[PDB]
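Asker: Residue numbers (full-length UniProt numbering), protein chains in the order written: chain P, 2 to 269; chain R, 2 to 269; chain Z, 2 to 269; chain C, 2 to 269.
By construction, the Cβ of each residue, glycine as well, lies at the ideal position given by its N, Cα and C atoms.
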Ligand SMILES: CCCc1cc(C(=O)[C@H]2C=CN([C@@H]3O[C@H](COP(=O)(O)OP(=O)(O)OC[C@H]4O[C@@H](n5cnc6c(N)ncnc65)[C@H](O)[C@@H]4O)[C@@H](O)[C@H]3O)C=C2C(N)=O)ccn1
Ligand SMILES: CCCc1cc(C(=O)[C@H]2C=CN([C@@H]3O[C@H](COP(=O)(O)OP(=O)(O)OC[C@H]4O[C@@H](n5cnc6c(N)ncnc65)[C@H](O)[C@@H]4O)[C@@H](O)[C@H]3O)C=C2C(N)=O)ccn1
Ligand SMILES: CCCc1cc(C(=O)[C@H]2C=CN([C@@H]3O[C@H](COP(=O)(O)OP(=O)(O)OC[C@H]4O[C@@H](n5cnc6c(N)ncnc65)[C@H](O)[C@@H]4O)[C@@H](O)[C@H]3O)C=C2C(N)=O)ccn1
Ligand SMILES: CCCc1cc(C(=O)[C@H]2C=CN([C@@H]3O[C@H](COP(=O)(O)OP(=O)(O)OC[C@H]4O[C@@H](n5cnc6c(N)ncnc65)[C@H](O)[C@@H]4O)[C@@H](O)[C@H]3O)C=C2C(N)=O)ccn1
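Right, here's the structure in full:
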């Protein structure tokens, strides 16, 4: 009946029911989309979580650092959606920085191999997902990735912030490639969301000083946001992703849509 | 029934059938919205224009420089949508800069009285409109204004560019006020569109040389834009406005959505 | 002996010994510059304040809203520096917003005539100072204005923030005109400084809620600044202005240099 | 005696007499600085290069990918400037991206190992250099790196542009660490300069067509720049670096100074 009626959309990045991708998928399905899901390592976990979505969607394995997974992805998706059908959307909702690159650990103490792995997964992979799927996307199509505003430095997020600055740069280059297919590429810069990992972090999993810093950042965020911000509700974020997946933002690419309560637009 | 269904939306700024506001209004009605229009000094001319829209809408006089028009706006809007009803959306599609402030004269030769009038109409009035209408707006509502990207300077647009810089600033403050009513405020930064105001502005003039320069703007922007840009078609811009009038961008406020083909994201 | 040896520089905007222009002038003089000073209305005040600078400098009257003052400025300066000599620098250190446009008074309650006067003095005047003086500036010359970062909205500063967004846009256009003379135009975005007016404001001159808000902003500023920020010391700001007035930033124009402790580069 | 007098400054990144670092070093010595140089793998080649500088400087081996070189850097620098002496300045003038990541190959065809190496050398190493040298830097000291503006995407520069995006992010975090020693950290975003790395990069290639494209970059940037731009002359860039090494920008950190003729501030 709705926003994404008849669109075929791949959604990556579901790990638990609190993953922002889980909510992107739920809202996408409620809006009439047919999904193909992608998951990384804990596939039995992902299967039982994904089984709680509004409707069943095939689940495909994808480790973004695995060249063979990427090489086979388009065939695997085409098998899953039916030959002669293509994708109208791709959601990249994936990120990771080793523990040395976030929290307590001194900014200067992250080894490059840790940083490099974080940038592989968190940035480069946006270009490799695009490289793999563009050949099977329809004109009018939409690639969307998850971002957080890295224009300013901050405590705790450290090398993950750097990875996001790279990711934003990648998005602008992907947009040049995607545009040849009549496909758009954009990021959604969310406000902070209480995933399992972020709850653990605030709980002090990466040191308590880091937990305390993120707690302040979260409180300040809701204060700054002219419409407020609820870090326990990824729905407004999922809806924004769907807006980009729809045809109602046909002239936007290489860009960033801030789904953050308007916090980034206010000093205080 | 097709995005804005059940929504009551005020749309200002129709002067010709080429007006961006005209297309905003057309697309909005196609998508199920009940409109109230607002117009200038040629209420006859714009009434003949307005009747060529999909369905019928009250048409209302608003001189934004007329503090009387503004003091009675909420009064006249409520009479026309019916008591006990509020607005869900407000579109500011109003610009003006005297020719002295635009491609003719040297930048330095515009008298402040001319600039001050342009800033009044182009930027201040966004806050005036918000002041007048916020009190009869529903929670979850949306105010949108038309912008163009003034982050870098450029030939000809001169003091109108300055007025867009002021407008973007005015927008972030409006969002603080609007947020108290649960209402969002955003700008759409459009790529260039061949409205009658644009064709006339510049080209003519500066220079004199060209409507060729107009055509040249068209060809260079299409190239800059990863997904291309059709200056003759403001439908993509009108869709972007309608996305912001909808509930699909519920967490974005004080912000600017670029409906410019992605040109702003590319150096070339 | 030093940075600005043999340069002739006009400095506007001295009102008291706590004016940021007073410190710009002091540091400029200590660095070997010959000044011409400009003052607005309280010339006897300005005379006795200016008499405390390291060396004597002629003082000229300039009301930036007075067309006759601007029309005569270049002749008056040339009389003061000697015919056949030109300026190597111009410092615009001037700003003002009526009380309705800052503090307690609702953002929406500032009348346009108040706003317009603030933008006249705070923004447009940067272009009119440039229009008046460029004809008497040497190649390699430098125009510098005072800014504060208005990229985000904030409590209290209200319409003055809007005026600064306009001022930044003006600077980019002035740079296009100045470049024809081989002159640069740049702004320095300072951190908050305790002038008389800002002390009075924090003391509650514009309402106590506004005072309290600015006090927080000041405290947060020093916290965010990786090198700290001392709001009672305009010297680091004056030095930055002199850097721009020197030949050590020969390839920078239409731009903004942040003399703010690095605060704008940090979220927290 | 002419800006940097008495200052001890480390300068990395000399490979040819056309290197930006070479001109930084020349100008810095002209302005009274005692230099320590740092070099690659052609220490013979760069020693013959280095001797053509104004005065004599220790030359030191630094492979930034060599965690051993980095662990002994502060050791080897102190031996060479003398015990009980510290550095006042550090210049990072290092870039690398394999050709696969630059105008040759399609953006998507660069393998991550190549990108990861480029990011290592171009962006991560700014933090590595800071980690190694901060401990022997004086209060009031200054770290500067070379950047180019990566806010918008563009032909050819591809993953090197991504690496500059990462670098600007890395810079704001370095400034948080540097601030503890009373040390500033900033980037100079230069306009394009006809170094041997640039001429070769692209032009050749892509395309093949042209060193004409090189010349075209030159002519278009000069036009974009309000004060013009001479791609054959890196003196203006070297002066800007030296301004940041001086005490005349004492309140700026985590920031980017644009020494690009002001091109970045103009749409065209
Ligand atoms: C406070 C100042 C900075 C701040 C930070 C934030 C945020 O960090 C926000 C803003 C953006 N995000 C982004 O959403 C995305 C989804 O994460 P998110 O949903 O937040 O976390 P998770 O649920 O745990 O999902 C991470 C997924 O990743 C997958 N992953 C891991 N490695 C693999 C490889 N090798 N292959 C394929 N997939 C990979 C893993 O399996 C998970 O499914 C991600 O890009 C986040 O960075 C997540 C937010 C958060 N609060 O959880 C917003 C505003 N500001
Ligand atoms: C080339 C680089 C420069 C730059 C410029 C542009 C543009 O200028 C785009 C970007 C934004 N716009 C905006 O849309 C809006 C509508 O424009 P547009 O629809 O193009 O012009 P108009 O049709 O003539 O609409 C202006 C309206 O205003 C109203 N108005 C005027 N004064 C009075 C007052 N005193 N009383 C009440 N009404 C009045 C007037 O009556 C008109 O109805 C406006 O804000 C524009 O500035 C219109 C553009 C265009 N190409 O037509 C995009 C990208 N880059
Ligand atoms: C906290 C978030 C926002 C925030 C705000 C701030 C600031 O407001 C900063 C940053 C920039 N400034 C700017 O410096 C400039 C100097 O002011 P400043 O020196 O701060 O104030 P004053 O000493 O009182 O000087 C104002 C002058 O103006 C003159 N004036 C008044 N009308 C006339 C006309 N008609 N003609 C000619 N001259 C005019 C008047 O005579 C005074 O000499 C000014 O542009 C300020 O806006 C002054 C700061 C301050 N803290 O005093 C920085 C960082 N962030
Ligand atoms: C046209 C739009 C694109 C864009 C690009 C540009 C530029 O690329 C400008 C802007 C910035 N730069 C930067 O200066 C710096 C020096 O460049 P540049 O001096 O141009 O190149 P090089 O002379 O060849 O210097 C690179 C040095 O690095 C060193 N290096 C390399 N790897 C090794 C490791 N493993 N060991 C130790 N040393 C090594 C290498 O030995 C060289 O000494 C660098 O960061 C550049 O990216 C140099 C530019 C230029 N035109 O030459 C400006 C505006 N716009």
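Using alpha carbons as the reference points, say which of C:181, C:194 and C:128 lies closest to residue 236 of chain C.
Answerer: Working through the fourth chain from its first residue, we reach residue 236 of chain C at position 235. Comparing Cα-Cα distances from residue 236 of chain C to each of C:181, C:194 and C:128, the minimum goes to C:194.
Asker: Could you tell me which chain Z residues have their CB closer than 7 Å to the CB of residue 255 of chain R, listed as they occur along the chain?
Answerer: Along the second chain, one-based indexing puts residue 255 of chain R at 254. In chain order: 154.
Asker: Decide if the region 262 to 269 of chain P is in contact with the region 11 to 22 of chain R; the criterion is three or more beta carbon pairs, one per stretch, under 8 Å apart.
Answerer: The region 262 to 269 of chain P, when compared against the region 11 to 22 of chain R, does not touch it at the 8 Å Cβ threshold.
Asker: Is the beta carbon of residue 199 of chain R within less than 7 Å of some heavy atom of ligand 2?
Answerer: Taking the first residue of the second chain as 1, we reach residue 199 of chain R at position 198. Because some heavy atom of ligand 2 lies under 7 Å away, the Cβ of residue 199 of chain R counts as near it: yes.
Asker: Is it true that the CB of residue 65 of chain Z sits closer than 8 Å to the CB of residue 239 of chain Z?
Answerer: Numbered from its first residue, the third chain carries residue 239 of chain Z at position 238. Numbered from its first residue, the third chain carries residue 65 of chain Z at position 64. No, these two residues do not count as a Cβ contact at 8 Å.
Asker: Are residue 159 of chain Z and residue 102 of chain Z closer than 8 Å when you measure CB to CB?
Answerer: Sequence index remark: in the third chain, residue 159 of chain Z carries index 158 (1-based). Sequence index remark: in the third chain, residue 102 of chain Z carries index 101 (1-based). Yes, the pair counts as a contact, with Cβ atoms nearer than the cut-off.
Asker: In whole angstroms, what separates the C-alpha of residue 49 of chain P from that of residue 42 of chain P?
Answerer: In the first chain, the residue the question calls residue 49 of chain P occupies position 48. In the first chain, the residue the question calls residue 42 of chain P occupies position 41. Cα-Cα distance, rounded: 14 Å.
Asker: Check whether the Cβ of residue 130 of chain Z lies closer than 7 Å to any heavy atom of ligand 3, and answer yes or no.
Answerer: The residue you call residue 130 of chain Z lines up with position 129 of the third chain. No, the beta carbon of residue 130 of chain Z sits no closer than 7 Å to any heavy atom of ligand 3.
Asker: Check whether the Cβ atoms of residue 168 of chain P and residue 123 of chain P lie closer than 8 Å to each other.
Answerer: Residue 168 of chain P sits at position 167 when you count from the first residue of the first chain. Residue 123 of chain P sits at position 122 when you count from the first residue of the first chain. Cβ distance < 8 Å, so residue 168 of chain P and residue 123 of chain P count as in contact.
Asker: What three-state label does DSSP hand residue 187 of chain C in the structure shown?
Answerer: Taking the first residue of the fourth chain as 1, we reach residue 187 of chain C at position 186. If DSSP states are grouped into helix, strand and coil, residue 187 of chain C belongs with the strands.
Asker: Report yes or no: do three or more beta-carbon pairs, one from the region 130 to 149 of chain P and one from the region 81 to 92 of chain P, lie closer than 8 Å?
Answerer: Short answer: they touch.
Asker: Whose C-beta lies closer than 6 Å to the C-beta of residue 265 of chain Z among residues of the same chain, with five residues either side of it excluded?
Answerer: Numbered from 1 along the third chain, position 264 holds the residue referred to as residue 265 of chain Z. Closer than 6 Å at Cβ, skipping near neighbours: 150 and 259.
Asker: What residues in its chain sit with their C-beta under 8 Å from that of residue 145 of chain C, if we drop five residues either side in the sequence?
Answerer: Counted from its first residue, the fourth chain places residue 145 of chain C at position 144. The residues are 90, 91, 92, 93, 186, 187, 188, 189, 242, 245 and 246.
Asker: Please go through the same chain and pick out, in chain order, the residues whose beta-carbon is closer than 6 Å to the beta-carbon of residue 17 of chain R, but skip the five residues on each side of it.
Answerer: Counted from its first residue, the second chain places residue 17 of chain R at position 16. Around residue 17 of chain R: 197.
Asker: Starting from residue 143 of chain P, trace the beta strand (DSSP E) in both directions and tell me its first and last residue.
Answerer: Residue numbering aside, residue 143 of chain P sits at position 142 when the first chain is read from its first letter. Taken as a continuous stretch (DSSP letters only), the beta strand (DSSP E) holding residue 143 of chain P covers 138 to 148.
Asker: Consult DSSP for residue 10 of chain C and reduce its assignment to one of helix, strand or coil.
Answerer: Taking the fourth chain and counting its residues from 1, one reaches residue 10 of chain C at position 9. Note: residue 10 of chain C maps to strand in three-state DSSP.
Asker: Cβ of residue 26 of chain C within 8 Å of Cβ of residue 12 of chain C?
Answerer: What you label residue 26 of chain C is simply residue 25 of the fourth chain in a count that begins at 1. What you label residue 12 of chain C is simply residue 11 of the fourth chain in a count that begins at 1. Yes.
Asker: Roughly how many angstroms lie between the CA atoms of residue 155 of chain P and residue 177 of chain C, to the nearest whole one?
Answerer: One-based indexing of the first chain puts residue 155 of chain P at position 154. One-based indexing of the fourth chain puts residue 177 of chain C at position 176. If you take the alpha carbons of residue 155 of chain P and residue 177 of chain C, they lie about 9 Å apart.
Asker: For a contact defined as C-beta to C-beta under 9 Å, what are the partners of residue 54 of chain Z on chain P?
Answerer: The residue given as residue 54 of chain Z occupies position 53 in the third chain. By Cβ distance, chain P contributes nothing, its closest Cβ being about 34 Å from residue 54 of chain Z, past 9 Å.
Asker: Within 8 Å of any Cβ in chain C, is that where the Cβ of residue 70 of chain P sits?
Answerer: The residue given as residue 70 of chain P occupies position 69 in the first chain. No, residue 70 of chain P does not count as interfacial toward chain C.
Asker: Would you verify that the beta carbon of residue 233 of chain Z is, or is not, closer than 8 Å to some beta carbon of chain R?
Answerer: As a position in the third chain, residue 233 of chain Z is number 232, starting the count at 1. Output row for residue 233 of chain Z: interface = no.
Asker: Using the DSSP secondary-structure output, state which residues sit across from residue 133 of chain P in a beta bridge.
Answerer: Working through the first chain from its first residue, we reach residue 133 of chain P at position 132. In DSSP, residue 133 of chain P forms no bridge with anything.
Asker: Considering only the beta carbon of each residue, do residue 227 of chain C and residue 204 of chain Z sit closer than 8 Å?
Answerer: By one-based count along the fourth chain, residue 227 of chain C stands at place 226. By one-based count along the third chain, residue 204 of chain Z stands at place 203. In this structure, residue 204 of chain Z does not lie closer than 8 Å to residue 227 of chain C by Cβ.
Asker: With DSSP as the reference, identify every bridge partner of residue 259 of chain P, one or two as the case may be.
Answerer: To locate residue 259 of chain P, count along the first chain from 1; it is residue 258. Looking at the DSSP assignment, residue 259 of chain P forms a beta bridge with P:190.
Asker: Could you pull the DSSP bridge partners for residue 93 of chain C from this structure?
Answerer: Walking along the fourth chain from the start, residue 93 of chain C turns up at place 92. C:146.
Asker: Which of helix, strand or coil does DSSP assign to residue 15 of chain R?
Answerer: Against the second chain, residue 15 of chain R aligns to sequence position 14. Note: residue 15 of chain R maps to coil in three-state DSSP.
Asker: Using alpha carbons as the reference points, say which of P:170, P:148, P:201 and P:200 lies closest to residue 191 of chain P.
Answerer: By one-based count along the first chain, residue 191 of chain P stands at place 190. Among P:170, P:148, P:201 and P:200, the Cα nearest to that of residue 191 of chain P is on P:148.
Asker: Could you check the C-alpha separation between residue 82 of chain P and residue 37 of chain P for me, to the nearest Å?
Answerer: Against the first chain, residue 82 of chain P aligns to sequence position 81. Against the first chain, residue 37 of chain P aligns to sequence position 36. Distance between the alpha carbons of residue 82 of chain P and residue 37 of chain P: 8 Å.
Asker: Reducing DSSP to helix, strand and coil, say where residue 75 of chain C ends up.
Answerer: Here residue 75 of chain C is taken as the residue at index 74 of the fourth chain, counted from 1. Correct three-state label for residue 75 of chain C: helix.
Asker: Residue 51 of chain P and residue 60 of chain P: beta carbons closer than 8 Å?
Answerer: Locating residue 51 of chain P in the first chain gives position 50, where the first residue counts as 1. Locating residue 60 of chain P in the first chain gives position 59, where the first residue counts as 1. Yes; because the gap between Cβ atoms is below 8 Å, this pair is in contact.
Asker: Taking C-alpha atoms, which residue in R:106, R:134 and R:10 lies nearest to residue 70 of chain R?
Answerer: If you number the second chain from 1, residue 70 of chain R lands on position 69. Cα-wise, what sits closest to residue 70 of chain R is R:134.
Asker: State buried or exposed for residue 100 of chain Z, treating a residue as buried only when at least 16 other CB atoms are found within 10 Å of its CB.
Answerer: Translated into positions along the third chain, residue 100 of chain Z becomes position 99. It counts as exposed.
Asker: Looking at residue 155 of chain Z and ligand 1, is the gap between the Cβ and the nearest heavy atom below 7 Å?
Answerer: Taking the third chain and counting its residues from 1, the one referred to as residue 155 of chain Z is at position 154. No, the Cβ of residue 155 of chain Z stays beyond 7 Å of every heavy atom of ligand 1.
Asker: Would you call the CB atoms of residue 202 of chain C and residue 164 of chain C closer than 8 Å?
Answerer: The residue labelled residue 202 of chain C in the question sits at position 201 within the fourth chain. The residue labelled residue 164 of chain C in the question sits at position 163 within the fourth chain. In this structure, residue 164 of chain C does not lie closer than 8 Å to residue 202 of chain C by Cβ.
Asker: Could you tell me how far apart the beta carbons of residue 222 of chain R and residue 262 of chain R are, in whole angstroms, since I believe they sit closer than 8 Å?
Answerer: Working through the second chain from its first residue, we reach residue 222 of chain R at position 221. Working through the second chain from its first residue, we reach residue 262 of chain R at position 261. With 8 Å as the limit, residue 222 of chain R and residue 262 of chain R qualify as a contact, their Cβ atoms being about 7 Å apart.
Asker: So does residue 14 of chain C have its beta carbon nearer than 7 Å to some heavy atom of ligand 4?
Answerer: As a working mapping, residue 14 of chain C is identified with position 13 in the fourth chain. Within the cutoff, so yes.
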